[PDB]
Structures are given as C-alpha cells and as structure tokens.
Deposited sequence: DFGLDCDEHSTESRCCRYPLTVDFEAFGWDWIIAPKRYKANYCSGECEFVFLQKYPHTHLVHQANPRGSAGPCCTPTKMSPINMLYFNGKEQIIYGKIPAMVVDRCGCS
C-alpha cells in the first residue's frame, strides 16, 4: 500500500508524514544559490550503518533535489543531492 499523510492539525498517533520547509537562507547558509527553500517534510508517529533495530517512523522513500552553490573559489557547483525530500513514512 502507501504511507499516510498528515497536517499540523491531525490527531494521528501512527507513523505519519508531516509537512516541513527547510530554509537554507534562514540557516544563514548564503553560499547556497538555489534553492534557498524547499519542501522536505518529516516523519512522526508510533510503530506497533544505521544501528537501530526497534521499529521507528522513518522515511521509507526519499528523493533528491538539484542545488546550485558556491565553494568560494569562483567555483559554482550544480549537483543532484540525494535523500533531501521525505516522500513517504513507515515503520522500519
């Protein structure tokens, strides 16, 4: 099947996926040209190398984003950065 999606107003106790904007500009990371901002989302809820065996509401599928940024050497980098967007949440 699929993962569950929730808003800030859900009274959902199970492993669910919530919206979240990651703001690089707000972090102050100005070496990042684009994007200044993107939708990352996150996982939260209960479940009835990485060293965790216990079930946990974790991203079960993530997708990359393309970024444009400085290394400060008059060197601008355009790259595909993996695992930046939580597309789906589930337990282990």
Return the ranges of the deposited sequence not covered by C-alpha coordinates, sorted by sequence position. 49-65
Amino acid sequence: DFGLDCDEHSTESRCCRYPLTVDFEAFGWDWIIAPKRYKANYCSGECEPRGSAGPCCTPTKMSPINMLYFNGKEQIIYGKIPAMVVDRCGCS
From here on, numbers count along this sequence of modelled residues.
Using the B-factors recorded in the PDB entry, average over the C-alpha atoms of 67-75 and of 18-26, then report which stretch comes out higher. 67-75
Using only the Cα atoms and their B-factors as the entry lists them, report which of 77-85 and 5-13 averages higher. 5-13
Go through 34, 62, 43, 56 one by one and give the residue whose Cα B-factor in the PDB entry is largest. 56
